[PDB]
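As a starting point, one isolated chain is supplied in structure tokens, in the form solved without the partner chain.
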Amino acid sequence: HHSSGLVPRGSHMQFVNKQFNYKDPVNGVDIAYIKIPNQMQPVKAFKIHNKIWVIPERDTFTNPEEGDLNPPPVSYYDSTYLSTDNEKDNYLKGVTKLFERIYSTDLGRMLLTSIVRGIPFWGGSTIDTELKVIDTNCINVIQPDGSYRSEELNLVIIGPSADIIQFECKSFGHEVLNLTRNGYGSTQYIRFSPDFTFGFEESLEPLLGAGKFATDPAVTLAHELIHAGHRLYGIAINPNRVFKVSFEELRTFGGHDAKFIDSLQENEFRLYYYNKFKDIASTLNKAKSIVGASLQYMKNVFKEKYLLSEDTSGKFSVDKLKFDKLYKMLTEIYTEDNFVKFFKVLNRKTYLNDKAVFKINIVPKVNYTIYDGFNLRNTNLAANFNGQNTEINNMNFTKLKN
């Protein structure tokens, strides 16, 4: 129960930039006290990759009206969870481990690359000839000397708010702009914990009885990262579009569930976002000045993000083939169903598929590995998804109140 097995092959992790300990000292750079736009006492945070920070704390920050961990009068509460430094260390290492698990698959390298290149658009100016950052897409990073530096980022992983098992991908809004739906994108905050997971039922083809299994937390995280991709490229479906469950939930799950969005509706969605991208090319084109760094250069960052073409003259435009390629990647190829296939784990078959929650600890290599998750090769857990079977692999799952 000692090594974490964070580097199965090679010398160093391939996505996460440091093997952090929660007690490592603050430096100006990738370990720092930070402040979110909205006040608060600064919180210790770790920069795991360009544009991506992890805050090993319960989320009492991103919502003015959720500033406390106590229950109101399918959910789970524990006000003591993630209050000690040991737990915050375990949270950071568990999150690091899941990013490496995701990045060990071809699909996950594609997705995390798209996320990192998906910088929120500089649409903050009211002068249509000036690019400017939107400050809710930044954090304030304290330095060794005590001064603050403003830093753009794309993604924050943070612990859950009061309901420990409510995971979601949310972001700060703009008074006028709809950043998640106008091509712009915004910094995404994912509420998530690697220290709990969910159970579902499944019969594996001698009496043929029902099995009680647990969801692999790498799938759950990849689900939330897929939402983040939609939202970072500003092409999320309006949350007011629902079944009876939102379109955006069904699109993220993928598989046959996504086929319920009728194809004519998809085409309409695709055209709308094509036009949003065209508007962004135009805005870059009309740009004379930049507030807060070079005009033409920030111009290139967004040429890269949106895959825009440039003519001999210097003018940007949207290419239909490059647009269809990026949009299909983000909406059709990055899905939960496809991650299940790449990981080869058992998982709910449809987005609705239980009421069981389980405490887990994926940090020890003996419990869970980057390559195999719970289904450890060359043990009995390798077959029939025995590693996710909460009866067979009972030492890895503790059932909690529902």
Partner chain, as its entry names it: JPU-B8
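Positions refer to the first chain, counted from 1.
In the comparison with other entries of the same protein, residue 257 is given coordinates in all of those covering both sides of it, so it never reaches the one-third threshold. Figure legend: residue 38 is marked as unmodelled in at least a third of the other comparable entries of the protein.
Per the record, residue 292 and residue 293 are separated by 1 to 3 deposited residues that have no coordinates. The entry models residue 73 and residue 74 with a gap of 4 to 9 deposited residues left without coordinates.
The mean Cα B-factor in the deposited entry runs higher for 39-47 than for the other of 39-47 and 368-376. Looking at mean Cα B-factors across 319-327 and 121-129, the upper value is held by 121-129. Ranking 306, 192, 260, 81 by Cα temperature factor from the entry places 260 first. When the Cα B-factors of 285, 188, 252, 182 are read from the PDB record, 285 comes out highest.
Sort the modelled residues of the chain by CA B factor and residue 333 lands in the lowest third. When the modelled residues of the chain are ordered by their C-alpha B factor, residue 11 lands in the lowest third. Residue 196 sits in the lowest third of its chain by CA B factor, as recorded in the PDB entry. Per the PDB record, residue ranking by Cα B-factor puts residue 146 in the middle third of the chain.
Ranked by C-alpha B-factor against the other modelled residues of its chain, residue 21 falls in the lowest third.
The form solved in complex with the partner chain exists for this protein as well; it is not shown, and the discussion that follows is about that form.
Interface residue among 162, 318, 287, 107, judged by heavy atoms within 4.5 Å of the partner chain in the deposited bound form: 107. With a 4.5 Å cutoff on heavy atoms, residue 332 counts as touching the partner chain in the deposited bound form.
Residue contact check for residue 327: one or more of its heavy atoms lie within 4.5 Å of the partner chain in the deposited bound form. The partner chain in the deposited bound form comes within 4.5 Å of a heavy atom belonging to residue 270. Within this chain, residue 341 lines the site of the partner chain in the deposited bound form, having a heavy atom no more than 4.5 Å away.
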